[PDB]
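With compact mmCIF, N, CA and C atoms inside, this is run28.txt:
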```txt
# COMPACT_ATOMS: atom_id res chain seq x y z
N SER Y 102 0.81 -1.21 0.00
CA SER Y 102 0.00 0.00 0.00
C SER Y 102 0.85 1.26 0.00
N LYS Y 103 2.14 1.15 0.27
CA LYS Y 103 3.03 2.31 0.34
C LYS Y 103 4.12 2.28 -0.72
N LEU Y 104 3.99 1.44 -1.74
CA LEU Y 104 5.00 1.41 -2.79
C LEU Y 104 5.00 2.73 -3.56
N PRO Y 105 6.17 3.27 -3.90
CA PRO Y 105 6.19 4.51 -4.68
C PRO Y 105 5.82 4.28 -6.14
N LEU Y 106 4.53 4.16 -6.42
CA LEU Y 106 4.07 3.96 -7.78
C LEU Y 106 4.05 5.28 -8.53
N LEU Y 107 4.25 5.21 -9.84
CA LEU Y 107 4.37 6.40 -10.67
C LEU Y 107 3.60 6.20 -11.97
N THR Y 108 2.81 7.20 -12.35
CA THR Y 108 2.05 7.17 -13.59
C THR Y 108 2.81 7.86 -14.70
N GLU Y 109 2.25 7.79 -15.91
CA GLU Y 109 2.90 8.41 -17.07
C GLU Y 109 2.82 9.93 -17.04
N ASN Y 110 2.05 10.51 -16.12
CA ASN Y 110 1.97 11.96 -15.98
C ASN Y 110 2.81 12.48 -14.82
N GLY Y 111 3.49 11.61 -14.08
CA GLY Y 111 4.37 12.07 -13.02
C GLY Y 111 3.63 12.89 -11.99
N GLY Y 112 4.22 14.02 -11.63
CA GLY Y 112 3.61 14.92 -10.66
C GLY Y 112 4.30 14.87 -9.31
N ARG Y 113 3.74 15.65 -8.39
CA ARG Y 113 4.28 15.75 -7.03
C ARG Y 113 3.74 14.58 -6.21
N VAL Y 114 4.45 13.46 -6.30
CA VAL Y 114 4.07 12.23 -5.63
C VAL Y 114 5.32 11.54 -5.10
N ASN Y 115 5.16 10.84 -3.98
CA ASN Y 115 6.22 10.02 -3.40
C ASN Y 115 7.40 10.86 -2.92
N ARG Y 116 7.12 11.85 -2.07
CA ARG Y 116 8.18 12.62 -1.43
C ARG Y 116 8.54 12.01 -0.08
N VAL Y 117 9.81 12.10 0.29
CA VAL Y 117 10.34 11.48 1.50
C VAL Y 117 11.18 12.49 2.26
N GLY Y 118 11.54 12.12 3.50
CA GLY Y 118 12.41 12.92 4.33
C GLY Y 118 13.49 12.06 4.97
N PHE Y 119 14.32 12.72 5.78
CA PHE Y 119 15.47 12.08 6.40
C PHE Y 119 15.61 12.56 7.84
N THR Y 120 16.50 11.90 8.58
CA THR Y 120 16.69 12.16 10.00
C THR Y 120 18.12 11.83 10.40
N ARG Y 121 18.56 12.40 11.52
CA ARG Y 121 19.86 12.10 12.09
C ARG Y 121 19.77 12.15 13.61
N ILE Y 122 20.76 11.55 14.26
CA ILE Y 122 20.81 11.42 15.72
C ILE Y 122 22.17 11.92 16.20
N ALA Y 123 22.22 12.33 17.47
CA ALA Y 123 23.44 12.83 18.09
C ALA Y 123 23.78 12.00 19.32
N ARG Y 124 25.05 11.63 19.46
CA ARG Y 124 25.56 10.90 20.61
C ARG Y 124 26.55 11.78 21.36
N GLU Y 125 26.72 11.51 22.66
CA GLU Y 125 27.62 12.32 23.46
C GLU Y 125 28.21 11.51 24.61
N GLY Y 126 29.34 11.99 25.11
CA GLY Y 126 29.99 11.40 26.27
C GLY Y 126 30.96 12.39 26.86
N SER Y 127 31.30 12.18 28.13
CA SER Y 127 32.09 13.15 28.87
C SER Y 127 33.12 12.45 29.74
N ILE Y 128 34.11 13.22 30.19
CA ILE Y 128 35.21 12.70 31.00
C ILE Y 128 35.00 13.06 32.47
N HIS Y 129 35.70 12.34 33.34
CA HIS Y 129 35.64 12.56 34.78
C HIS Y 129 37.05 12.48 35.36
N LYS Y 130 37.18 12.88 36.62
CA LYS Y 130 38.47 13.03 37.28
C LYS Y 130 38.57 12.12 38.50
N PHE Y 131 39.75 11.55 38.71
CA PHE Y 131 40.01 10.61 39.79
C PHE Y 131 41.38 10.88 40.38
N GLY Y 132 41.60 10.40 41.60
CA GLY Y 132 42.92 10.48 42.20
C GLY Y 132 42.86 10.13 43.67
N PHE Y 133 44.02 9.69 44.19
CA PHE Y 133 44.18 9.42 45.61
C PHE Y 133 45.66 9.56 45.96
N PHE Y 134 45.94 9.61 47.26
CA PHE Y 134 47.29 9.87 47.74
C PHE Y 134 47.51 9.17 49.08
N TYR Y 135 48.75 9.23 49.55
CA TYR Y 135 49.11 8.74 50.88
C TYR Y 135 50.25 9.59 51.43
N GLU Y 136 50.41 9.54 52.75
CA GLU Y 136 51.35 10.39 53.47
C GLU Y 136 52.28 9.55 54.34
N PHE Y 137 53.45 10.11 54.65
CA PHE Y 137 54.45 9.41 55.44
C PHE Y 137 55.35 10.42 56.13
N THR Y 138 56.08 9.95 57.14
CA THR Y 138 57.07 10.75 57.84
C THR Y 138 58.48 10.28 57.48
N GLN Y 139 59.46 11.10 57.82
CA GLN Y 139 60.85 10.74 57.58
C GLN Y 139 61.27 9.54 58.43
N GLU Y 140 60.82 9.50 59.69
CA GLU Y 140 61.17 8.39 60.56
C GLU Y 140 60.57 7.08 60.05
N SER Y 141 59.36 7.13 59.51
CA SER Y 141 58.72 5.92 58.99
C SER Y 141 59.52 5.29 57.86
N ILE Y 142 60.42 6.04 57.23
CA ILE Y 142 61.30 5.52 56.20
C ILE Y 142 62.67 5.17 56.77
N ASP Y 143 63.25 6.07 57.56
CA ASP Y 143 64.64 5.90 57.99
C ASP Y 143 64.79 4.76 58.99
N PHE Y 144 63.88 4.66 59.95
CA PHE Y 144 64.01 3.67 61.02
C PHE Y 144 63.30 2.36 60.72
N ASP Y 145 62.58 2.26 59.61
CA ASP Y 145 61.90 1.02 59.27
C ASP Y 145 62.91 -0.06 58.90
N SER Y 146 62.56 -1.31 59.23
CA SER Y 146 63.46 -2.43 58.95
C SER Y 146 63.72 -2.58 57.46
N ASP Y 147 62.69 -2.41 56.64
CA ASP Y 147 62.78 -2.63 55.20
C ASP Y 147 63.18 -1.33 54.52
N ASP Y 148 64.35 -1.32 53.89
CA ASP Y 148 64.81 -0.14 53.17
C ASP Y 148 64.16 0.01 51.80
N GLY Y 149 63.39 -0.98 51.36
CA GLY Y 149 62.63 -0.91 50.13
C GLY Y 149 61.17 -0.59 50.31
N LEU Y 150 60.78 -0.02 51.45
CA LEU Y 150 59.37 0.18 51.76
C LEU Y 150 58.70 1.10 50.74
N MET Y 151 59.36 2.20 50.38
CA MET Y 151 58.75 3.16 49.47
C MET Y 151 58.52 2.57 48.09
N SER D 102 -24.65 74.25 -65.33
CA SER D 102 -25.10 75.17 -64.30
C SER D 102 -24.03 75.41 -63.23
N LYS D 103 -22.97 74.61 -63.22
CA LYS D 103 -21.93 74.72 -62.20
C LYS D 103 -20.55 74.99 -62.80
N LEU D 104 -20.48 75.48 -64.03
CA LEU D 104 -19.19 75.81 -64.62
C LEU D 104 -18.59 77.03 -63.91
N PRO D 105 -17.27 77.09 -63.75
CA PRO D 105 -16.67 78.27 -63.10
C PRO D 105 -16.51 79.45 -64.06
N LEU D 106 -17.64 80.04 -64.44
CA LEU D 106 -17.62 81.18 -65.34
C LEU D 106 -17.06 82.41 -64.63
N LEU D 107 -16.23 83.17 -65.34
CA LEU D 107 -15.56 84.34 -64.79
C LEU D 107 -15.92 85.55 -65.64
N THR D 108 -16.38 86.61 -64.98
CA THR D 108 -16.74 87.83 -65.69
C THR D 108 -15.52 88.74 -65.83
N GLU D 109 -15.73 89.88 -66.50
CA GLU D 109 -14.66 90.83 -66.75
C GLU D 109 -14.16 91.51 -65.48
N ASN D 110 -14.89 91.42 -64.38
CA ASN D 110 -14.54 92.11 -63.14
C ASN D 110 -14.03 91.16 -62.06
N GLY D 111 -13.83 89.89 -62.37
CA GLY D 111 -13.32 88.96 -61.37
C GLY D 111 -14.24 88.86 -60.17
N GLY D 112 -13.65 88.96 -58.98
CA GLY D 112 -14.40 88.90 -57.74
C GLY D 112 -14.21 87.57 -57.03
N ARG D 113 -14.85 87.47 -55.87
CA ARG D 113 -14.81 86.26 -55.05
C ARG D 113 -15.87 85.29 -55.57
N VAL D 114 -15.47 84.48 -56.55
CA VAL D 114 -16.38 83.56 -57.22
C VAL D 114 -15.63 82.27 -57.53
N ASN D 115 -16.37 81.16 -57.47
CA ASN D 115 -15.84 79.84 -57.83
C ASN D 115 -14.75 79.38 -56.86
N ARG D 116 -15.02 79.50 -55.57
CA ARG D 116 -14.13 78.95 -54.56
C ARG D 116 -14.42 77.46 -54.36
N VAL D 117 -13.38 76.69 -54.09
CA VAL D 117 -13.48 75.24 -53.96
C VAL D 117 -12.74 74.80 -52.70
N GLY D 118 -12.95 73.53 -52.33
CA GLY D 118 -12.28 72.92 -51.20
C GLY D 118 -11.76 71.55 -51.57
N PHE D 119 -11.14 70.90 -50.59
CA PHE D 119 -10.54 69.59 -50.79
C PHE D 119 -10.80 68.71 -49.57
N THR D 120 -10.60 67.41 -49.75
CA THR D 120 -10.91 66.42 -48.73
C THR D 120 -9.88 65.30 -48.77
N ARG D 121 -9.69 64.64 -47.63
CA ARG D 121 -8.82 63.48 -47.52
C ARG D 121 -9.47 62.45 -46.61
N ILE D 122 -9.04 61.20 -46.75
CA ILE D 122 -9.59 60.08 -46.01
C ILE D 122 -8.45 59.34 -45.32
N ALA D 123 -8.76 58.68 -44.21
CA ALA D 123 -7.78 57.92 -43.44
C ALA D 123 -8.19 56.46 -43.39
N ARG D 124 -7.26 55.58 -43.79
CA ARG D 124 -7.45 54.14 -43.69
C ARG D 124 -6.67 53.61 -42.49
N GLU D 125 -7.09 52.45 -41.99
CA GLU D 125 -6.41 51.86 -40.85
C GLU D 125 -6.56 50.34 -40.88
N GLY D 126 -5.65 49.68 -40.18
CA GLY D 126 -5.70 48.24 -40.02
C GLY D 126 -4.86 47.81 -38.84
N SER D 127 -5.26 46.71 -38.21
CA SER D 127 -4.61 46.23 -37.00
C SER D 127 -4.11 44.80 -37.18
N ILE D 128 -3.31 44.36 -36.22
CA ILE D 128 -2.79 43.00 -36.18
C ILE D 128 -3.40 42.27 -34.99
N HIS D 129 -3.39 40.94 -35.07
CA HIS D 129 -3.97 40.10 -34.03
C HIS D 129 -3.04 38.92 -33.76
N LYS D 130 -3.26 38.28 -32.62
CA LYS D 130 -2.38 37.23 -32.11
C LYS D 130 -3.08 35.88 -32.20
N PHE D 131 -2.34 34.87 -32.64
CA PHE D 131 -2.87 33.53 -32.84
C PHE D 131 -1.90 32.50 -32.27
N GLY D 132 -2.43 31.31 -31.99
CA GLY D 132 -1.60 30.20 -31.57
C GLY D 132 -2.35 29.00 -31.03
N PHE D 133 -1.71 27.84 -31.05
CA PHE D 133 -2.27 26.63 -30.47
C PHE D 133 -1.13 25.66 -30.20
N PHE D 134 -1.44 24.61 -29.44
CA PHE D 134 -0.41 23.69 -28.96
C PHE D 134 -1.02 22.32 -28.71
N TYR D 135 -0.16 21.35 -28.41
CA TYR D 135 -0.58 20.03 -27.98
C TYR D 135 0.45 19.48 -27.01
N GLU D 136 0.01 18.53 -26.18
CA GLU D 136 0.83 17.93 -25.15
C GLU D 136 1.02 16.44 -25.41
N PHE D 137 1.96 15.85 -24.69
CA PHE D 137 2.24 14.42 -24.82
C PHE D 137 3.11 13.98 -23.66
N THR D 138 3.01 12.70 -23.31
CA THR D 138 3.83 12.09 -22.28
C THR D 138 4.98 11.32 -22.92
N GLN D 139 5.96 10.95 -22.09
CA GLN D 139 7.08 10.16 -22.57
C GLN D 139 6.62 8.76 -22.98
N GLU D 140 5.70 8.17 -22.22
CA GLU D 140 5.21 6.84 -22.55
C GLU D 140 4.50 6.83 -23.90
N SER D 141 3.77 7.90 -24.21
CA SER D 141 3.07 7.96 -25.49
C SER D 141 4.03 7.95 -26.67
N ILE D 142 5.31 8.23 -26.44
CA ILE D 142 6.33 8.18 -27.48
C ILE D 142 7.09 6.86 -27.44
N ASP D 143 7.56 6.46 -26.26
CA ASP D 143 8.45 5.31 -26.17
C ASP D 143 7.71 4.00 -26.40
N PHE D 144 6.49 3.87 -25.87
CA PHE D 144 5.75 2.62 -25.96
C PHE D 144 4.84 2.55 -27.18
N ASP D 145 4.74 3.62 -27.96
CA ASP D 145 3.89 3.61 -29.15
C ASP D 145 4.50 2.72 -30.23
N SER D 146 3.62 2.08 -31.01
CA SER D 146 4.08 1.18 -32.06
C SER D 146 4.88 1.92 -33.12
N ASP D 147 4.44 3.12 -33.50
CA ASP D 147 5.09 3.89 -34.56
C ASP D 147 6.13 4.81 -33.94
N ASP D 148 7.37 4.69 -34.41
CA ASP D 148 8.45 5.54 -33.92
C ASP D 148 8.50 6.89 -34.61
N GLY D 149 7.71 7.10 -35.66
CA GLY D 149 7.68 8.37 -36.36
C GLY D 149 6.48 9.23 -35.99
N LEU D 150 5.86 8.93 -34.85
CA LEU D 150 4.62 9.61 -34.48
C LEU D 150 4.84 11.11 -34.31
N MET D 151 5.92 11.51 -33.64
CA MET D 151 6.15 12.92 -33.37
C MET D 151 6.34 13.70 -34.66
```

Could you spell out this file's structure in structure tokens?
Amino acid sequence: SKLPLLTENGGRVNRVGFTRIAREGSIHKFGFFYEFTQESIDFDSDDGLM
Amino acid sequence: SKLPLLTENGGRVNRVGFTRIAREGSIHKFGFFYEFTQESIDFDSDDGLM
């Protein structure tokens, strides 16, 4: 019932349209840290602690 | 009875006049046409139709 049929006289028949879509995404921020003292390094048994 | 007879004393006698006529003519516009489809040419038995 929706086939674009055409007669020998043509005319303004079977017009169509188009569409488009948009996608999006965003970034975020992360981080963490730790703290220490000089003694916690110098007097510790393991010299490879850091 | 209407001859321009002139006497020995002349005078204001036998005066005449003249006339002219104007002719005219105009032009007119004519025309006619016919239509046809592509199928009436391509699918017709006779290729010399046009």

Item to check | At most 8 Å to chain Y: residues in chain D, all atoms listed in the file, as a ChimeraX atom specification | outcome: /D:137-141

Pose of chain Y fitted onto chain D, C-alpha LSQ, given as a PDB file with N, CA and C atoms, keeping the file's coordinate frame:
```pdb
ATOM      1  N   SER Y 102     -25.464  75.021 -64.526  1.00  0.00           N
ATOM      2  CA  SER Y 102     -25.740  76.049 -63.532  1.00  0.00           C
ATOM      3  C   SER Y 102     -24.581  76.242 -62.569  1.00  0.00           C
ATOM      4  N   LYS Y 103     -23.622  75.331 -62.546  1.00  0.00           N
ATOM      5  CA  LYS Y 103     -22.490  75.405 -61.620  1.00  0.00           C
ATOM      6  C   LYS Y 103     -21.156  75.558 -62.334  1.00  0.00           C
ATOM      7  N   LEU Y 104     -21.158  75.908 -63.614  1.00  0.00           N
ATOM      8  CA  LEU Y 104     -19.896  76.095 -64.318  1.00  0.00           C
ATOM      9  C   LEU Y 104     -19.142  77.292 -63.740  1.00  0.00           C
ATOM     10  N   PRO Y 105     -17.824  77.192 -63.567  1.00  0.00           N
ATOM     11  CA  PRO Y 105     -17.076  78.345 -63.059  1.00  0.00           C
ATOM     12  C   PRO Y 105     -16.901  79.430 -64.113  1.00  0.00           C
ATOM     13  N   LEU Y 106     -17.935  80.233 -64.325  1.00  0.00           N
ATOM     14  CA  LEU Y 106     -17.866  81.311 -65.291  1.00  0.00           C
ATOM     15  C   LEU Y 106     -17.137  82.504 -64.699  1.00  0.00           C
ATOM     16  N   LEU Y 107     -16.479  83.271 -65.559  1.00  0.00           N
ATOM     17  CA  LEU Y 107     -15.643  84.381 -65.125  1.00  0.00           C
ATOM     18  C   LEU Y 107     -15.862  85.579 -66.042  1.00  0.00           C
ATOM     19  N   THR Y 108     -16.045  86.754 -65.447  1.00  0.00           N
ATOM     20  CA  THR Y 108     -16.220  87.991 -66.193  1.00  0.00           C
ATOM     21  C   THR Y 108     -14.901  88.711 -66.352  1.00  0.00           C
ATOM     22  N   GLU Y 109     -14.931  89.803 -67.120  1.00  0.00           N
ATOM     23  CA  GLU Y 109     -13.710  90.580 -67.360  1.00  0.00           C
ATOM     24  C   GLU Y 109     -13.267  91.365 -66.133  1.00  0.00           C
ATOM     25  N   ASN Y 110     -14.084  91.420 -65.082  1.00  0.00           N
ATOM     26  CA  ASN Y 110     -13.709  92.094 -63.844  1.00  0.00           C
ATOM     27  C   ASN Y 110     -13.265  91.118 -62.761  1.00  0.00           C
ATOM     28  N   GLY Y 111     -13.272  89.816 -63.030  1.00  0.00           N
ATOM     29  CA  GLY Y 111     -12.776  88.858 -62.057  1.00  0.00           C
ATOM     30  C   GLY Y 111     -13.528  88.942 -60.750  1.00  0.00           C
ATOM     31  N   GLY Y 112     -12.776  88.955 -59.660  1.00  0.00           N
ATOM     32  CA  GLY Y 112     -13.366  89.053 -58.331  1.00  0.00           C
ATOM     33  C   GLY Y 112     -13.320  87.737 -57.579  1.00  0.00           C
ATOM     34  N   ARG Y 113     -13.889  87.783 -56.378  1.00  0.00           N
ATOM     35  CA  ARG Y 113     -13.925  86.613 -55.495  1.00  0.00           C
ATOM     36  C   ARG Y 113     -15.108  85.737 -55.901  1.00  0.00           C
ATOM     37  N   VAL Y 114     -14.852  84.868 -56.874  1.00  0.00           N
ATOM     38  CA  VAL Y 114     -15.861  83.983 -57.426  1.00  0.00           C
ATOM     39  C   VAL Y 114     -15.237  82.622 -57.703  1.00  0.00           C
ATOM     40  N   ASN Y 115     -16.052  81.578 -57.571  1.00  0.00           N
ATOM     41  CA  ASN Y 115     -15.655  80.215 -57.913  1.00  0.00           C
ATOM     42  C   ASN Y 115     -14.545  79.693 -57.004  1.00  0.00           C
ATOM     43  N   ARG Y 116     -14.776  79.749 -55.690  1.00  0.00           N
ATOM     44  CA  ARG Y 116     -13.855  79.144 -54.735  1.00  0.00           C
ATOM     45  C   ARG Y 116     -14.284  77.717 -54.413  1.00  0.00           C
ATOM     46  N   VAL Y 117     -13.313  76.848 -54.170  1.00  0.00           N
ATOM     47  CA  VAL Y 117     -13.546  75.424 -53.948  1.00  0.00           C
ATOM     48  C   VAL Y 117     -12.778  74.971 -52.720  1.00  0.00           C
ATOM     49  N   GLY Y 118     -13.081  73.741 -52.275  1.00  0.00           N
ATOM     50  CA  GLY Y 118     -12.387  73.118 -51.172  1.00  0.00           C
ATOM     51  C   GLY Y 118     -12.010  71.683 -51.510  1.00  0.00           C
ATOM     52  N   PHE Y 119     -11.390  71.024 -50.529  1.00  0.00           N
ATOM     53  CA  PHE Y 119     -10.870  69.678 -50.707  1.00  0.00           C
ATOM     54  C   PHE Y 119     -11.147  68.850 -49.457  1.00  0.00           C
ATOM     55  N   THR Y 120     -10.903  67.545 -49.568  1.00  0.00           N
ATOM     56  CA  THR Y 120     -11.205  66.596 -48.506  1.00  0.00           C
ATOM     57  C   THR Y 120     -10.253  65.412 -48.584  1.00  0.00           C
ATOM     58  N   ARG Y 121     -10.119  64.696 -47.470  1.00  0.00           N
ATOM     59  CA  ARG Y 121      -9.334  63.476 -47.415  1.00  0.00           C
ATOM     60  C   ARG Y 121      -9.987  62.497 -46.448  1.00  0.00           C
ATOM     61  N   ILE Y 122      -9.601  61.232 -46.570  1.00  0.00           N
ATOM     62  CA  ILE Y 122     -10.173  60.131 -45.788  1.00  0.00           C
ATOM     63  C   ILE Y 122      -9.027  59.346 -45.156  1.00  0.00           C
ATOM     64  N   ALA Y 123      -9.338  58.648 -44.061  1.00  0.00           N
ATOM     65  CA  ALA Y 123      -8.366  57.838 -43.338  1.00  0.00           C
ATOM     66  C   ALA Y 123      -8.841  56.394 -43.263  1.00  0.00           C
ATOM     67  N   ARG Y 124      -7.939  55.452 -43.524  1.00  0.00           N
ATOM     68  CA  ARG Y 124      -8.203  54.025 -43.425  1.00  0.00           C
ATOM     69  C   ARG Y 124      -7.347  53.436 -42.313  1.00  0.00           C
ATOM     70  N   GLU Y 125      -7.802  52.313 -41.744  1.00  0.00           N
ATOM     71  CA  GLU Y 125      -7.067  51.701 -40.653  1.00  0.00           C
ATOM     72  C   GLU Y 125      -7.290  50.192 -40.621  1.00  0.00           C
ATOM     73  N   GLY Y 126      -6.355  49.502 -39.983  1.00  0.00           N
ATOM     74  CA  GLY Y 126      -6.456  48.066 -39.773  1.00  0.00           C
ATOM     75  C   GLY Y 126      -5.517  47.653 -38.670  1.00  0.00           C
ATOM     76  N   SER Y 127      -5.794  46.493 -38.078  1.00  0.00           N
ATOM     77  CA  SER Y 127      -5.075  46.059 -36.892  1.00  0.00           C
ATOM     78  C   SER Y 127      -4.775  44.571 -36.961  1.00  0.00           C
ATOM     79  N   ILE Y 128      -3.841  44.134 -36.118  1.00  0.00           N
ATOM     80  CA  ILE Y 128      -3.396  42.742 -36.084  1.00  0.00           C
ATOM     81  C   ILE Y 128      -4.025  42.015 -34.896  1.00  0.00           C
ATOM     82  N   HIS Y 129      -4.014  40.689 -34.968  1.00  0.00           N
ATOM     83  CA  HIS Y 129      -4.552  39.835 -33.915  1.00  0.00           C
ATOM     84  C   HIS Y 129      -3.601  38.662 -33.685  1.00  0.00           C
ATOM     85  N   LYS Y 130      -3.844  37.924 -32.607  1.00  0.00           N
ATOM     86  CA  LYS Y 130      -2.949  36.875 -32.141  1.00  0.00           C
ATOM     87  C   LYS Y 130      -3.652  35.521 -32.125  1.00  0.00           C
ATOM     88  N   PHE Y 131      -2.922  34.478 -32.499  1.00  0.00           N
ATOM     89  CA  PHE Y 131      -3.445  33.123 -32.598  1.00  0.00           C
ATOM     90  C   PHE Y 131      -2.412  32.141 -32.083  1.00  0.00           C
ATOM     91  N   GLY Y 132      -2.866  30.942 -31.731  1.00  0.00           N
ATOM     92  CA  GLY Y 132      -1.945  29.883 -31.358  1.00  0.00           C
ATOM     93  C   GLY Y 132      -2.690  28.721 -30.739  1.00  0.00           C
ATOM     94  N   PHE Y 133      -2.053  27.539 -30.820  1.00  0.00           N
ATOM     95  CA  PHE Y 133      -2.564  26.338 -30.178  1.00  0.00           C
ATOM     96  C   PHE Y 133      -1.388  25.399 -29.916  1.00  0.00           C
ATOM     97  N   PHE Y 134      -1.639  24.380 -29.098  1.00  0.00           N
ATOM     98  CA  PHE Y 134      -0.584  23.479 -28.656  1.00  0.00           C
ATOM     99  C   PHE Y 134      -1.160  22.086 -28.406  1.00  0.00           C
ATOM    100  N   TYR Y 135      -0.263  21.148 -28.124  1.00  0.00           N
ATOM    101  CA  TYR Y 135      -0.643  19.795 -27.719  1.00  0.00           C
ATOM    102  C   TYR Y 135       0.408  19.251 -26.758  1.00  0.00           C
ATOM    103  N   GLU Y 136       0.012  18.230 -26.002  1.00  0.00           N
ATOM    104  CA  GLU Y 136       0.827  17.673 -24.930  1.00  0.00           C
ATOM    105  C   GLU Y 136       0.993  16.166 -25.106  1.00  0.00           C
ATOM    106  N   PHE Y 137       2.064  15.627 -24.522  1.00  0.00           N
ATOM    107  CA  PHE Y 137       2.369  14.210 -24.638  1.00  0.00           C
ATOM    108  C   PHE Y 137       3.215  13.774 -23.455  1.00  0.00           C
ATOM    109  N   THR Y 138       3.283  12.461 -23.245  1.00  0.00           N
ATOM    110  CA  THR Y 138       4.131  11.866 -22.226  1.00  0.00           C
ATOM    111  C   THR Y 138       5.314  11.147 -22.876  1.00  0.00           C
ATOM    112  N   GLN Y 139       6.300  10.816 -22.060  1.00  0.00           N
ATOM    113  CA  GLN Y 139       7.457  10.081 -22.549  1.00  0.00           C
ATOM    114  C   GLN Y 139       7.071   8.672 -23.002  1.00  0.00           C
ATOM    115  N   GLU Y 140       6.182   8.013 -22.249  1.00  0.00           N
ATOM    116  CA  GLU Y 140       5.759   6.672 -22.615  1.00  0.00           C
ATOM    117  C   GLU Y 140       4.995   6.677 -23.938  1.00  0.00           C
ATOM    118  N   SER Y 141       4.190   7.703 -24.177  1.00  0.00           N
ATOM    119  CA  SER Y 141       3.430   7.786 -25.426  1.00  0.00           C
ATOM    120  C   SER Y 141       4.337   7.836 -26.645  1.00  0.00           C
ATOM    121  N   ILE Y 142       5.610   8.182 -26.471  1.00  0.00           N
ATOM    122  CA  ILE Y 142       6.585   8.177 -27.546  1.00  0.00           C
ATOM    123  C   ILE Y 142       7.412   6.896 -27.534  1.00  0.00           C
ATOM    124  N   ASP Y 143       7.909   6.502 -26.364  1.00  0.00           N
ATOM    125  CA  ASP Y 143       8.869   5.398 -26.296  1.00  0.00           C
ATOM    126  C   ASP Y 143       8.215   4.055 -26.598  1.00  0.00           C
ATOM    127  N   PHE Y 144       7.029   3.813 -26.056  1.00  0.00           N
ATOM    128  CA  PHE Y 144       6.382   2.508 -26.196  1.00  0.00           C
ATOM    129  C   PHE Y 144       5.442   2.425 -27.388  1.00  0.00           C
ATOM    130  N   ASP Y 145       5.226   3.515 -28.112  1.00  0.00           N
ATOM    131  CA  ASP Y 145       4.351   3.479 -29.273  1.00  0.00           C
ATOM    132  C   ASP Y 145       4.987   2.668 -30.397  1.00  0.00           C
ATOM    133  N   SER Y 146       4.129   1.993 -31.173  1.00  0.00           N
ATOM    134  CA  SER Y 146       4.622   1.157 -32.268  1.00  0.00           C
ATOM    135  C   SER Y 146       5.374   1.977 -33.304  1.00  0.00           C
ATOM    136  N   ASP Y 147       4.873   3.164 -33.625  1.00  0.00           N
ATOM    137  CA  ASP Y 147       5.436   4.002 -34.678  1.00  0.00           C
ATOM    138  C   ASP Y 147       6.490   4.919 -34.077  1.00  0.00           C
ATOM    139  N   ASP Y 148       7.738   4.753 -34.501  1.00  0.00           N
ATOM    140  CA  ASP Y 148       8.818   5.606 -34.022  1.00  0.00           C
ATOM    141  C   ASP Y 148       8.849   6.966 -34.709  1.00  0.00           C
ATOM    142  N   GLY Y 149       8.023   7.171 -35.729  1.00  0.00           N
ATOM    143  CA  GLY Y 149       7.877   8.451 -36.390  1.00  0.00           C
ATOM    144  C   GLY Y 149       6.670   9.245 -35.966  1.00  0.00           C
ATOM    145  N   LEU Y 150       6.088   8.945 -34.805  1.00  0.00           N
ATOM    146  CA  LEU Y 150       4.832   9.562 -34.399  1.00  0.00           C
ATOM    147  C   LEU Y 150       4.974  11.078 -34.262  1.00  0.00           C
ATOM    148  N   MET Y 151       6.057  11.538 -33.636  1.00  0.00           N
ATOM    149  CA  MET Y 151       6.221  12.966 -33.402  1.00  0.00           C
ATOM    150  C   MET Y 151       6.360  13.743 -34.699  1.00  0.00           C
TER     151      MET Y 151
END
```

Item to check | Atom-to-atom span, atom N of residue 151 in chain D and atom N of residue 133 in chain D, Å | outcome: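 Atom-to-atom, atom N of residue 151 in chain D and atom N of residue 133 in chain D are spaced 18.2 Å apart.
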
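The coordinates place atom N of residue 102 in chain D at 16.3 Å from atom N of residue 114 in chain D.
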
Next on the checklist: Using DSSP secondary structure from the backbone, list all helix (DSSP H, G or I) positions within chain D, as a list in words.
Outcome noted: residues 140, 141, 142 and 143 of chain D

Could you complete range 112-118 of chain Y so that it carries N, CA, C and O atoms, and give it back as an mmCIF file, keeping the file's coordinate frame?
```
data_model
loop_
_atom_site.group_PDB
_atom_site.id
_atom_site.type_symbol
_atom_site.label_atom_id
_atom_site.label_comp_id
_atom_site.auth_asym_id
_atom_site.auth_seq_id
_atom_site.Cartn_x
_atom_site.Cartn_y
_atom_site.Cartn_z
ATOM 1 N N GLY Y 112 4.220 14.020 -11.630
ATOM 2 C CA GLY Y 112 3.610 14.920 -10.660
ATOM 3 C C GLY Y 112 4.300 14.870 -9.310
ATOM 4 O O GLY Y 112 5.290 14.170 -9.091
ATOM 5 N N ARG Y 113 3.740 15.650 -8.390
ATOM 6 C CA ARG Y 113 4.280 15.750 -7.030
ATOM 7 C C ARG Y 113 3.740 14.580 -6.210
ATOM 8 O O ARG Y 113 2.726 14.676 -5.518
ATOM 9 N N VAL Y 114 4.450 13.460 -6.300
ATOM 10 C CA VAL Y 114 4.070 12.230 -5.630
ATOM 11 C C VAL Y 114 5.320 11.540 -5.100
ATOM 12 O O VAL Y 114 6.397 11.628 -5.691
ATOM 13 N N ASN Y 115 5.160 10.840 -3.980
ATOM 14 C CA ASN Y 115 6.220 10.020 -3.400
ATOM 15 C C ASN Y 115 7.400 10.860 -2.920
ATOM 16 O O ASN Y 115 8.546 10.620 -3.296
ATOM 17 N N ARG Y 116 7.120 11.850 -2.070
ATOM 18 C CA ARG Y 116 8.180 12.620 -1.430
ATOM 19 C C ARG Y 116 8.540 12.010 -0.080
ATOM 20 O O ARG Y 116 7.675 11.461 0.617
ATOM 21 N N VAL Y 117 9.810 12.100 0.290
ATOM 22 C CA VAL Y 117 10.340 11.480 1.500
ATOM 23 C C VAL Y 117 11.180 12.490 2.260
ATOM 24 O O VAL Y 117 11.513 13.570 1.767
ATOM 25 N N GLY Y 118 11.540 12.120 3.500
ATOM 26 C CA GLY Y 118 12.410 12.920 4.330
ATOM 27 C C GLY Y 118 13.490 12.060 4.970
ATOM 28 O O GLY Y 118 13.560 10.852 4.753
#
```
